[PDB]
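Residue-level structure breakdown
Take a look at the letters that make up each chain.
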Amino acid sequence: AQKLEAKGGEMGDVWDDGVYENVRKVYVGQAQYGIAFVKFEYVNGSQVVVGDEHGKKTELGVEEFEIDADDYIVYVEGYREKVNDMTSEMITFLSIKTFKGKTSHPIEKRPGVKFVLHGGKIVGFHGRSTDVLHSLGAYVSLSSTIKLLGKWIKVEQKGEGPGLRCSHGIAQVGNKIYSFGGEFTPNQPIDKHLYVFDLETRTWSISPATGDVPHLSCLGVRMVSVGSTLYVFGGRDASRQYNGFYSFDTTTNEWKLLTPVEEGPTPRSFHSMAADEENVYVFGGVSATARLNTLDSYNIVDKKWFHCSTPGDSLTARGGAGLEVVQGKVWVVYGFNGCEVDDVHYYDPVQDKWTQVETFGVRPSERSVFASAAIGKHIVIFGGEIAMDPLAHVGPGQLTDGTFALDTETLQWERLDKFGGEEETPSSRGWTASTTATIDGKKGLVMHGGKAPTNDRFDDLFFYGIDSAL
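The residue numbers shown here are sequential, starting from 1 for each chain in the order of its written sequence. They can differ from the numbering used in the entry, and residues that have no coordinates are not displayed. To get the side-chain values, take all heavy atoms of the structure and skip hydrogens and water. Residues with missing side-chain atoms are left out of burial classes, side-chain pairs and their counts.

Structure determination for this PDB entry is given in the record as X-ray crystallography, at a resolution of 3.022 Å.

The name that the PDB entry assigns to the protein is Nitrile-specifier protein 1, with the source organism given as Arabidopsis thaliana. The PDB lists this entry under the title "Crystal structure of a specifier Protein from Arabidopsis thaliana". UniProt positions are given in the numbering used here, feature names are shortened, and annotations may be inferred rather than shown by experiment. We quote the UniProt Cofactor comment for the protein here in full: "Fe(2+)".

Written out as structure tokens, the structure is:
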């Protein structure tokens, strides 16, 4: 399979259970602060393999977590920390997620760093213990049976690009992809240009413009395409001043302030957006004062904003969540509310009401600001932030790299990442501007830009192309 780095203080006796067919049972014995004692019971062929213990038990006892035979571990989430002011970090908290969606303990915010051994199937463990757990890794085996077959392509680029940024917005119109807004240094919007990408040329340039050009250059902005006209909302500049709701006729190349701030929906940034041929949707994100959970629709024909039913407590205010129209319905996926979140919800237009949905099977650990597109009955997501940065949107935070698709018709998540092929899978990133797109006659996901794990920026253009079977 694949050994994953054990994560924790590198003090202690290293242990390695090796790799098995699957995991039958997990044993966790708590320490006084963190984790004392682990043990695993595995299965290999027709053989139950009871494993050695690692660390020593405490007066607390040891809790068991049995994994059904029709069932396996998709990830282990945890918290490492240097406590006692003791020379080494130790592992302080663990949660187990099961393919069937069993979960051992609900994740909680504990100080220290979060880590996660992720991806499709945990088939064994290894770590380092000194009479208590000090670090932990595991072995993951990516499942070979990838339902939504497809590959990752690093699109080449030529012109005057939007280059290196994140917290910007992209949309497709015809065979051209448009970009707008964004940040390069922490919290500093770059320009007001509307960059455009000719697919057949694979080349960039600044679009020409007319009319009501956006009043402020900004970041945390969103935009979606309807027909050949682009629609743009929110964002902020350096001075926490907000943009209203504009549009851009691409055949006409003219801007248009469709509704002013202070007229339409609450001015905000790092909201989410989508469109369905008839309305343009705006969800959540951060207002001047609070995160939001509200959603507003704007009919193009009726040229007018409608305020949708409010979800209340069921669905906590959030930003950096994914929003796609999966079918006839709006989908809210994951996001951030002080904690990173792995909620899933749909809003039904016809009824004007919200529904929560349980989801299962090799699901992503909770995360924000990821790349997302809806294609078919699927939502596809890549990367994202799996833990906020202490210093704000200022610092990198912790950023990951999985590729996942939600099947809205079965509620099975799958990880589109393969062992098997050779392809240019994007490196761990977040705050990407992402969209659904057709390129060289394949629909799929268009990742662009984003924050690096090292607080750098990216400029890459990435495409998960869904091969032809569809």
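Another point: unusual backbone geometry. Positive phi outside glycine occurs at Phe270, with the angle close to 60°. The topology assignment puts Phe270 in the loop between β21 (268-269) and β22 (272-275). A helix here means a DSSP run of H or I that spans at least four residues, while a strand means a run of E at least two residues long, and both kinds are numbered starting from the N terminus.

According to UniProt, the feature "domain: Jacalin-type lectin" maps to residues 1-142 in the numbering used here. Helix makes up 0% of residues 1-142 and strand 51%. Its end C-alpha atoms lie 8 Å apart.

Two strands qualify as a pair provided that DSSP identifies no fewer than 2 bridges between them. Judged from the five bridges that link them, strand β31 (residues 371-375) and strand β32 (residues 378-387) form a sheet pairing that is antiparallel. Across the sheet, the residue bridging to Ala374 is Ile379, located in β32. The loop that links β31 with its antiparallel partner β32 comprises two residues; one of these, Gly376, has a positive phi angle of about 60°. Pairing of β32 with strand β33 (residues 398-407) involves eight bridges; the strand directions are antiparallel. Along β33, the bridge assignment pairs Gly384 with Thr400.

If you trace the four strands from one edge of the open sheet to the other, you get β22-β23-β25-β26, paired in antiparallel fashion. Each of the sheet's edge strands pairs with one partner strand only, and the pair in question is β22 and β26 (304-307). Adjacent strand axes in the sheet meet at a mean angle of 20°, parallel and antiparallel pairs treated alike. Structural elements are reduced to axes, namely lines fitted to C-alpha atoms, with helices fitted over the stretch in contact, and the angle between N-to-C directions of any two is expressed from 0 to 180 degrees.

Only centres within 6.5 Å qualify two rings of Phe, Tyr or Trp (six-membered ring in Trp) as a pair; their planes then separate them into stacked at under 30 degrees, edge-to-face at over 60, and tilted for everything else. Ring plane angle 25° and centroid distance 4.1 Å describe the contact between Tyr20 and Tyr42, whose orientation is recorded as stacked. Of this pair, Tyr20 sits in the loop between β2 (13-16) and β3 (22-30) while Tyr42 sits in strand β4 (residues 35-44), and the two are 22 residues apart along the sequence. Both rings, one in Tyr246 and one in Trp255, keep their centres 6.2 Å apart while their planes meet at 90°; by these two values the pair is edge-to-face. Taken together, the aromatic side chains of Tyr231, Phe233, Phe245, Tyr298 and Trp305 make up a single cluster linked through ring pairs. Counted as over-ring charges are cases with an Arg CZ or a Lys NZ within 6 Å of the ring centre that also lie within 35 degrees of the ring normal. The side chain of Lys57 reaches across the aromatic face of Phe37, ending 5.4 Å from its centre.

Note on pairing: side chains with opposite charge can pair once their charged atoms come close. The shortest N-O distance in the salt bridge between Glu64 and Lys25 comes to 2.8 Å. Of this pair, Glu64 sits in strand β6 (residues 62-66) while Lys25 is found in strand β3, placing the two residues 39 residues apart along the sequence. The rule for a salt bridge is simple: a side-chain nitrogen of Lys or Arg has to be within 4 Å of a carboxyl oxygen of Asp or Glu. With a shortest N-O distance of 2.8 Å, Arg415 and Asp417 are connected by a salt bridge. Because the salt bridges share partners, they merge into one network encompassing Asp68, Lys100 and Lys102.

A few words on the sheet that holds strand β14 (residues 176-180). Spatially, the four strands line up as an open sheet ordered β13-β14-β15-β16, and their pairing is antiparallel. With one partner strand each, in any of the chains shown, β13 (169-173) and β16 (203-206) form the two edges of the open sheet. Each strand axis lies, on average, 25° off the axis of its neighbour in the sheet, ignoring direction. Across five bridges, the pairing between β13 and β14 is antiparallel. Within β14, the residue paired with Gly169 across the bridge is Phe180.

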